[PDB]
Every structure is written in structure tokens, then in C-alpha cells.
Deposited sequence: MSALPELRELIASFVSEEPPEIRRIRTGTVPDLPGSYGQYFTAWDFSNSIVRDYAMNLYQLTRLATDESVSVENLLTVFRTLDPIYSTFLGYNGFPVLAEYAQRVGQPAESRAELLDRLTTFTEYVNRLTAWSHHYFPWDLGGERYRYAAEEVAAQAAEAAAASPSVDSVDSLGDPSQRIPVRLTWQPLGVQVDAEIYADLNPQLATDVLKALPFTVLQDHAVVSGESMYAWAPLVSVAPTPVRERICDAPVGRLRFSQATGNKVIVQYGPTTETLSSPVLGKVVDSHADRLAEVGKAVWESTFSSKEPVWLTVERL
């Protein structure tokens, strides 16, 4: 599986192509319209994914017996598995059955859960990028020691900015984030002026320090292990802050990426490297 997670960090998965073009073998969508089909594909795998992560996060809970975990999986999974497998994602289903296979140990289950979560998280990301959220706008309107420095670069925007990430604030989270990335950049479609990208990792570490996003300042950085393994730049568990001096570019980086996921479907990639 991991081979194709890596493949799909660079390339759009073929599954996410047939869905946008309407070439799914089943031709889903009653009365010759795959708009409904596409919608179900996007949402079913997004929520299926959030489920997978939480299943994982309980694989880390030891009060639950692994056998009880496997059973909660055989209960929750098959409906999402089969429908997605019949509406655009055949392999994900088979791999879900591989995850449901008896776990000789708790760690084996945990590893399968996290791999597969990230597989479907990459697919979620790509669908999120190509789903036409635009039809709506036309009609429906209204310790200083531990801070590590890194640099975030948006191409082909050619805009770079710097950021600190407070390892002290969220140690387990920051270490996992530091462990790893050039990934497609997209915009939140309901929250407002924020962008996020699907970081290539599966962190189940608890986050003691979270912030209410209305208190969050500009260029605030946040990682959501739940809605993807997303990294979020606000122009919630907190990760870091883009330095104030460069906050002046984030706003147009925003408008650009909003056009990316709302209007253009033109890829906008974001790289995080550590200074």
C-alpha cells in the first residue's frame, strides 16, 4: 500500500480522475448525472476517513481489547467500504478487508489502521481538491528555547514565508510533524479564510494545548489529526505561527489557493522544510 501513498503524494490518483470526468465503470448517478455520484464519493470517503483515524486512535486505547477493536471495525467498516468500492474506489475496499484481518498483536492492527487511514486521506485530499464547490457561489449566496524554525513555500505562487513551530506547546505532535513534504495546497470550503494541506503522516498523539480558532492570530498554524492529518494556515490543536514579518503575503497566497480549489482546479503546491 505505502508505494501508492507515496505515488499519490506527487500524482493525482486515477480513481480521483474517473470520478471528475464521469468515466467510473458503474456510470453512477441516476438519470445520467454523476453529480450526485461525485458528491457521495467525496463525502463518503472524507467521513469514512475521519472514522478510520478515530478507529486508529482507539487501537491506541488499551482498555479496549484488540478483539473488541476488530469487531467495532467489522461493524463500522463494511457499509462505507462496499459503497465506495462500488462508486469509484474498488481497491480501498479490499485493503479495508486486509485491515479487518485478525491482528496477531495490537501493534499490527495499529500499523494497518494508520497506513490505510493515510491512503484514504490522500484520496480524500485529491477529491477535496477537484470537487466543484463553485456551483454554489453562482446561486446560493449570503519556552522560546524549543520553538523550531521552518520555511513554507508556495509554488507556482513563488511565495515563501518562515514560521516557528512550538515543540514545547505540543511535544508529541510537533515531533511527529518534525519527523516528516511537498503536498497539494487547498482552501477550507466552510470555515472561511484558512488554507490546509494533507500532511503525509498519521499522528494519534493527544494534543493538550488547543486554541479556539476565533482567538487564533493571523498566520496561525494548526494540525488536525481528525479532519485529515491536515496542516492549517489561518489567514484546534496549534502547531506554530508564520512569522509576523511575512504574514503580509499569506492573504494573497490565500486568495490564490481559494481560486485553486474553488474555481481553477489548478494545482498549487506547498512545501515545508526546516530552517
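- Absence of C-alpha coordinates is noted for several segments of the deposited sequence, namely 1 to 6, 149 to 174, 213 to 214, 270 to 277.
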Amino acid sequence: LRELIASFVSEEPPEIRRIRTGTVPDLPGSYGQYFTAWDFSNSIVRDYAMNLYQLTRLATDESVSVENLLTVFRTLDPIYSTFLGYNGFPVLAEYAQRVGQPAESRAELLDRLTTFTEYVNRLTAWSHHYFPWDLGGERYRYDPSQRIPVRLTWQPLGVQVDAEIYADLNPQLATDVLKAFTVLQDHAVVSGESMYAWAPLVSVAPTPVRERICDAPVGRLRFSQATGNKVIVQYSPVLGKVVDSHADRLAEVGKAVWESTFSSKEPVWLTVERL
From here on, numbers count along this sequence of modelled residues.
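Rigid core here is just the name for the largest C-alpha set that superposes within 1.5 Å across the two forms.
- Between 153 to 161 and 98 to 106, greater CA displacement relative to the shown form is found for 98 to 106 when the structures in 5 other deposited structures of this protein are fitted on the core.
- Coordinates for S145 are absent from at least a third of the other compared entries of this protein that model residues on both sides of it.
- For the two regions 39 to 47 and 203 to 211, the entry's Cα B-factors average higher over 203 to 211.
- Mean CA B-factor, 246 to 254 versus 50 to 58: the higher value falls on 246 to 254.
- The PDB entry assigns its highest CA temperature factor, among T115, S81, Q172, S191, to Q172.
- Across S127, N121, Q185, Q97, the greatest Cα temperature factor reported in the deposited entry is at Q97.
- The deposited CA B-factor of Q160 belongs to the middle third of values across its chain.
- Sort the chain's modelled residues by C-alpha temperature factor and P132 lands in the lowest third, per the entry.
- Placement of the Cα temperature factor of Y166 within the chain: highest third of the modelled residues, per the deposited record.
- Among the modelled residues of the chain, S145 sits in the highest third by CA temperature factor in this PDB entry.
- Among the modelled residues of its chain, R139 has a C-alpha B-factor that falls in the highest third, as given in the PDB entry.
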